[PDB]
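As structure tokens, the structure follows; a few thoughts come after it.
Please treat every number below as a calculation from the coordinates, not as lab data. Don't worry about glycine lacking a Cβ; one is built from the backbone with ideal geometry, like all the others, and counts go over all protein chains shown.
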Ligand code: BCL
Ligand code: BCL
Ligand code: BCL
Ligand code: BCL
Ligand SMILES: CC[C@H]1c2cc3[nH]c4c(c3C)C(=O)[C@H](C(=O)OC)c4c3nc(cc4[nH]c(cc(n2)[C@@H]1C)c(C(C)=O)c4C)[C@@H](C)[C@@H]3CCC(=O)OC/C=C(\C)CCC[C@H](C)CCC[C@H](C)CCCC(C)C
Ligand SMILES: CC[C@H]1c2cc3[nH]c4c(c3C)C(=O)[C@H](C(=O)OC)c4c3nc(cc4[nH]c(cc(n2)[C@@H]1C)c(C(C)=O)c4C)[C@@H](C)[C@@H]3CCC(=O)OC/C=C(\C)CCC[C@H](C)CCC[C@H](C)CCCC(C)C
Ligand SMILES: COC(C)(C)C/C=C/C(C)=C/C=C/C(C)=C/C=C/C(C)=C\C=C\C=C(C)\C=C\C=C(/C)CC/C=C(\C)CCC=C(C)C
Ligand SMILES: [Fe+3]
């Protein structure tokens, strides 16, 4: 049930809603009003997915797929068997996600720590809403959102990207891939460092952070520090996702042509625009 | 507002830190460079010293060579005209020898011979730099986690341009040094092998890449959340657990049923990331050599 | 074919990896317990790992985990329901008793040492070569609280020598004594330092230190745990 040091922390209080009505655990899980909320949404949406599984005539996971309304219904409602189910599931999905975040907030208040976690979560939720809600409403049709299927949604990606040629050419999609690639390099090193310090050569004394900072100077000439590196990772992460919601919010809205052609503004610059030779002309 | 600790409210400076010594040959450490109020807002403000030493020079040199070898070719293409250079910067490119030359080292400069050279330097610069990360660890009595991690990355890099091209038969199969150039290569690789999505290792790799951002985002926020109990001082909390380590663990326990320890989380961390280039390396290595179309393969698995 | 074969291998590997990983994170806090402090019946499918030992530097001894877990302190709490999973109310003063958001761990009563064996943290006055190189300098600023009244004045800045970081603010109180506040818990401003978690009257309650030239891991925890609790408990 409890971790050896858990009891002193399980005091009452912290809840945003319901006072103490739902202030209590269930095994290791904390509940709280929002814990109920998310349960409600999560269950409901699962039922609907099962319902959708019948209309499609299959219970196979690699096949089930709740597609959104066809483009003809614009942003209006649609029949259950033809996009309606997706719209309701999207709602439960979002209801579940918000409740979950708000749940971490209560868990935050009870433990007396900072709200960085829930806060960071919200960025993920945001990326999700971009793809299923903001981009579609801005393109006037639920049909632009992605389908809920293991591979079908992968298709949505493939096709959506190729609709504009090599999507690699999306400037914001380029910045995003940078934070993603970086976050992992960063992550790989932070863990490698801390561990190499707490697990020195066999028989040696547990190194100190001073050895950690030394190692990075002896190597690259600079060391961001124990607090900095934790600041850095959070940043890279959220950045990579921020540039990801961006890159898509613009695709199909402000810009709907080939992504490669967007790069001509550069080459057309008067100065080099007409010069002969080189790659362009 | 309630101070979020993303930035320091006040900086503080003291003398330059020459760093721990151990079995390090101090004859090689450079000089304590300046400080930086800018950087000092986010993390450390002290710049340097750096331990150069033999191997470091080899790479640093062997590295610039690779970099210039390419910059030159770009000029050759730029027609030496600086405006052309700047304009078509992202467009230039140094491609590898034509299929004909196969795996021979006979191709002439303007046929992949130049690519071969640059590649050579690269191959030295990186590998030498790898040993450097192993020694700097060793001179301080630290584990070699960093060397083994950097290796996983070398794996993929080593597969993309050295292994697979050799198993295929030519220097053609490798990646061209160029910005937009190497982006197309990628898009192409996919198309030619029947859509990489159908490649299991690929879908796996992505999984971890996503995992890394998920995890680092989690780990990062947690630590700042309990930095009011001196949480960032991870090593000590590992030696002698404090409230920072307890509240940190409990927040997750209550949220998702389980949790980690101040020394365990970093073990997740290093593996989550490392696997990204571990799994990816495999997927690319099989592509072309064993499997030809992942779609077709995805149909029977034989 | 190799591909089909490379993948099963991988999953099997991946499973061992997760296994290893989970057990390693069980080095602290386990075995589970019941609300009464007795070993719980169900311990999960994962077994505890073979212990490992840390050779602490500066001959500070050793450490082996997993090991005997002891809170080594009284916990002034009491059940609120006859069943499992409910809150445990504070029998006394939560802030004083150090329970809930005011909790603290009974860590060693020694100070953390830089790689040279010297104290990692020292008031700036005792730190030769250190000074405020950027941002508003608090030494001299009056501290204010939850209730918007005066509680004292900053009289120094305790700093982390090896990491060159401001970690605490020594504040002199009305009776002429000083206390330490966590850097991460104060809002520095042009003319005043603001403290939300605590209100003036609670300031005097902040656990005080022995040596006036150092803090021990135990004292850091009591000081921090206390301030952090004010957020919930200062309320009135
Ligand atoms: C062939 C197709 C195109 C292409 C088309 C696209 C398209 C189209 C899109 C991307 C997007 C992305 N692409 Mg791309 N992309 C290509 C090639 C690449 C290459 C490469 C090396 O070639 C890379 C690195 C990338 C990288 C990326 C990422 C930067 C980005 C997706 C991450 C993200 O937004 O997460 C954000 C995270 C989320 C949206 C998830 C949120 C999770 C929610 C909050 C919670 C879910 C909980 C779950 C239901 C609960 C389970 C509980 C159980 C108990 C377990 N692309 C090619 C050229 N790419 C996407 C993007 O930017 O999206 C905004 C996007 O739409
Ligand atoms: C994995 C599949 C593909 C691939 C797919 C992609 C895709 C898809 C994208 C990139 C992008 C990039 N790739 Mg790649 N890339 C591959 C292999 C490589 C190899 C190699 C040795 O094998 C290298 C050096 C690179 C390098 C790069 C960078 C130039 C650029 C990403 C910035 C970044 O965040 O880097 C992570 C590393 C660090 C942050 C640390 C090192 C610092 C780097 C070297 C700094 C680069 C600065 C840049 C050139 C500055 C431009 C400034 C101008 C004023 C605009 N790639 C393989 C073959 N690459 C992105 C881009 O924007 O391309 C145009 C992008 O969208
Ligand atoms: C960001 C751009 C595209 C996209 C592009 C891709 C691409 C490209 C790939 C994936 C892949 C995956 N995607 Mg996706 N994906 C998108 C949006 C989503 C959303 C969402 C709520 O919006 C979800 C739940 C997922 C989920 C998934 C996983 C099934 C799988 C990756 C493993 C992984 O490590 O993930 C990161 C998360 C973790 C490590 C945390 C653990 C959480 C696990 C994985 C959750 C599984 C949930 C299950 C599928 C949903 C069950 C519903 C029940 C009601 C509970 N994607 C958007 C629309 N996705 C990979 C794959 O292998 O696909 C077959 C892959 O290559
Ligand atoms: C249209 C093209 C295809 C596609 C084709 C490919 C191909 C082809 C490949 C990938 C690969 C990857 N793809 Mg893809 N990919 C697509 C769509 C996606 C989508 C999406 C949402 O649509 C996503 C999330 C991804 C995601 C990913 C990554 C998981 C993976 C690369 C990991 C990495 O870190 O590499 C970057 C890291 C490295 C290259 C590490 C090596 C670094 C070396 C050692 C350092 C050199 C340093 C230099 C000397 C120093 C510079 C520093 C100086 C200071 C300047 N792809 C589409 C469908 N993808 C790669 C992979 O592994 O696949 C299995 C790969 O080969
Ligand atoms: C924004 C920055 C990054 C980030 C951060 C992040 N994620 C987080 C947090 C944070 C800070 C959490 O605190 C939270 C957590 O608690 O993690 C353990 C979480 C979390 N990130 C998760 C997933 C996740 N994060 C992702 C990404 C990212 N997370 C970013 C890289 C991805 C990707 C890359 O795709 C995924 C899958 C969850 C495991 C977890 C939050 C769990 C949660 O909210 O659970 C309760 C909700 C349910 C049980 C919902 C079911 C709802 C519906 C009824 C059914 C499903 C509908 C859905 C549309 C189906 C999709 C099917 C697919 C096949 C397409
Ligand atoms: C899970 C695997 C992840 C990973 C891990 C990883 N990378 C690593 C490591 C690890 C564990 C290292 O230890 C190593 C490192 O040293 O990091 C700091 C490294 C490293 N990862 C690097 C890059 C890198 N990693 C990438 C990716 C990844 N790395 C994955 C996400 C990528 C991508 C996304 O493409 C890149 C580009 C290198 C920076 C670095 C290894 C350095 C190296 O090999 O150097 C050889 C030396 C040179 C090439 C020197 C010349 C450099 C420039 C061309 C010239 C200009 C510089 C000069 C100093 C200017 C002077 C100007 C004057 C005016 C003064
Ligand atoms: C202003 O101009 C100057 C000249 C001053 C400098 C400017 C320089 C510039 C502008 C340089 C630009 C270079 C760029 C943009 C390079 C980009 C490279 C990219 C995007 C990707 C690289 C992919 C490469 C990987 C896959 C390479 C792997 C290489 C190897 C595994 C080694 C190859 C091995 C070989 C050939 C074998 C040699 C033989 C032996 C002994 C084993
Ligand atoms: Fe950490």
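Expressed in nm to one decimal, what extension gain is obtained for the pair residue B:256 and residue B:36 from 0.36 nm per residue of sequence separation less their Cα-Cα distance?
Net length gain for the segment: 75.1 nm.
For the range C:111-190, rounded, prolate or oblate, judged on the Cα gyration tensor with a ≥ b ≥ c (square roots of eigenvalues), a/c < 1.5 rounded, else prolate if a/b > b/c?
Since a/c reaches 1.5 and a/b is larger than b/c, the shape of the range C:111-190 is classed as prolate.
Normalised by the number of residues in chain C, what is the relative contact order in percent for Cα pairs under 8 Å and 6+ residues apart?
Worked out over chain C, it gives 16 percent.
Rounded to the nearest 5, what % of DSSP beta bridges with both residues in the protein assembly as shown are antiparallel?
Antiparallel bridges make up about 90 percent of those DSSP assigns within the protein assembly as shown.
Over the whole of C:91-102, what's the average partner chain Cβ count within 10 Å per residue? Rounded to a whole number, please.
Per-residue shielding by partner chains comes out at 3.
Give me the Å³ per residue figure for the convex hull around the C-alpha atoms of the range B:1-143.
236
Stick to Cα atoms and the Kirkwood definition of Rh, then tell me Rg/Rh for the range B:195-247.
My calculation of the ratio gives 1.28.
At 7 Å along the Cα-to-beta-carbon direction for both residue C:201 and residue C:125, put a label point, then send me their distance in nm to one decimal.
3.1
Report the FRET efficiency, 1/(1 + (r/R0)^6), for residue B:22 and residue A:275, where r is their Cβ-Cβ distance and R0 is 56 Å, rounded to 0.05.
0.45
What does a probe at residue B:301 reach in the range C:7-41, counting residues whose amide N is under 16 Å from the point 7 Å along Cα→Cβ?
Inside the label zone: C:7-13.
Take peptide B:77-84, look around each residue's Cβ out to 10 angstrom, count Cβ atoms belonging to other protein chains, and average those counts.
4
Shape verdict for the range B:144-302, please, from the Cα gyration tensor: rounded (a/c under 1.5), prolate (a/b greater than b/c) or oblate.
prolate
What area, in nm² and to one decimal, does the C-alpha convex hull of the range A:133-281 cast on average over all directions?
Mean shadow area of the hull around the Cα atoms is 15.0 nm².
Quick one: compute the contact order of the range C:107-236, relative version, from alpha carbon pairs under 8 angstrom and 6+ residues apart, as a percent.
Reported as a whole number, the value is 27 percent.
Classify the range C:82-236 from the C-alpha gyration tensor, please: rounded if a/c falls under 1.5, else prolate or oblate depending on whether a/b exceeds b/c.
Note, shape of the range C:82-236 comes out oblate.
In the range A:1-163, what is the volume of the convex hull around the alpha carbon atoms, normalised per residue and reported in Å³?
155
Measure off 7 Å from each Cα along the Cα-to-Cβ vector at residue A:163 and residue B:210, then give the distance between these two points in nanometres to one decimal.
2.0
For the range B:91-121, list residues with backbone N below 16 Å from a point placed 7 Å from the Cα of residue B:68 toward its Cβ?
Within reach of a label on residue B:68, which here means backbone N under 16 Å from a point 7 Å along Cα→Cβ, the range B:91-121 contributes B:117-121.
Sum -39500 (n - 2.57) across every DSSP H segment of at least 4 residues in the protein assembly as shown, then divide by the residue count to get the 222 nm mean residue ellipticity, nearest 500.
Taken over the protein assembly as shown, the calculation gives -14500 deg cm²/dmol.
What Kirkwood hydrodynamic radius, in Å, does the range A:93-188 give when the mean of 1/r is taken over all pairs of distinct Cα atoms and then inverted?
Final number for the Kirkwood radius of the range A:93-188 is 16.1 Å.
Taking Cα pairs under 8 Å and at least six residues apart, what relative contact order does chain B come out at, in percent?
In percent, rounded to a whole number, it is 17.
Can you bin every Cα-Cα distance in the range C:2-106 into 10 Å intervals starting at zero and give me the percent of pairs per bin, rounded to whole numbers?
All Cα pairs considered, the percentages come to 11, 26, 28, 21, 9, 4, 1.
So for the pair residue A:55, residue C:137, with labels modelled 7 Å out along Cα→Cβ, what separation do we get in nm?
7.1
Once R0 is set to 22 Å, what does the formula 1/(1 + (r/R0)^6) return for the Cβ-Cβ distance between residue C:213 and residue C:62, expressed as a FRET efficiency to the nearest 0.05?
With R0 = 22 Å, the Cβ-Cβ based efficiency is 0.20.
Using only atoms on other chains, find how many Cβ atoms lie within 10 Å of each Cβ of peptide B:42-54 and report the average.
6
Calculate how steeply helix B:243-256 sits against the longest principal axis of the alpha-carbon atoms of chain B, using the helix alpha-carbon long axis, and give the answer as 0 to 90 degrees to the nearest 10.
Between the helix axis and the principal axis of chain B, the angle is about 60 degrees.
Let me understand the protein assembly as shown better: what is its radius of gyration from the alpha carbons, and its Dmax, in angstrom?
29.2, 89
Rounded to a whole number of µm²/s, how large is the Stokes-Einstein D of the range A:234-281 at 37 °C and 0.692 mPa s, given Rh as the Kirkwood radius over C-alpha pairs?
Rounded to a whole number, D works out at 245 µm²/s.
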